[PDB]
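To begin, one chain is listed below as structure tokens, in the form deposited in one PDB entry.
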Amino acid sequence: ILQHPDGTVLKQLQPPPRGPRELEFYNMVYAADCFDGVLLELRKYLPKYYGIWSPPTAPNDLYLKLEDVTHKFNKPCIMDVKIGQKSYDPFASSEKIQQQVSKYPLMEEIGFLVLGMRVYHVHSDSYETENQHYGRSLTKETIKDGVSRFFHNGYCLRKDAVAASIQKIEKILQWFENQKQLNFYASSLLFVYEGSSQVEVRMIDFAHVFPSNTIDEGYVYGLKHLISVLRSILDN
């Protein structure tokens, strides 16, 4: 991700078939002639899409031009959470499946994985960053406190941001409860809240979204478990 000062991000297409699939996803969703009520509703929860972009002198070099969801914040606290029971898609080989489950074998049990967080600390006037190893080290014992850490800001636990996150996730859950046409593997929720002394939840990362004729039960499971953890944190 490259943050552009104009309030967009440039995401370089991943190698094929992943990058091309993510392009086609955005193209289908934001199709100008699209009057599919499900897909029109979905736009609310995605970064706004500005189309394929490549440098003037390099047509080979493909990016997606997306809304920077953090742009309206002064000191954004950002957490990326991969959603679902399976990080591998319906067309994964035995090795690929093994690779993906190996990356985090608790995915079926938990239904989500913290990919990373960036948390502004008022007292320090500085950022605390967690990488992929943080979330992958979280067990069932430690997942609540693992998530809680994101909301330690402003000399307190930010229960306001926790509550807001629940309410916004619930809207995304409601969308998933009323669509049977897309299944989402290895996609994320991007959480943002304001860390400054003076909330966004968006769906991102669509290299493994596939047509379906059933409920995306793994994604729903993830959302519901995430909501339950967040709910529990409100009792801290």
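Here, rigid core means the biggest group of C-alpha atoms that superpose within 1.5 Å across both forms. In this text, residue numbers run from 1 along the sequence as written.
Below: the form deposited in another entry, not depicted.
In a rigid core superposition between this form and the one not shown, 158 is the single residue of 158, 75, 86, 82 whose Cα is displaced by 2 Å or more.
Residue 210: CA moves less than 2 Å between this form and the one not shown after rigid-core fitting. Once both forms are fitted on their core, a CA shift of 2 Å or more is seen for residue 173 between this form and the one not shown. Relative to this conformation, a decrease of 3 Å or more in the Cα-Cα distance between residue 178 and residue 147 is found in the other form. Distance between the C-alpha atoms of residue 223 and residue 174: shorter in the other form than here (change of 3 Å or more).
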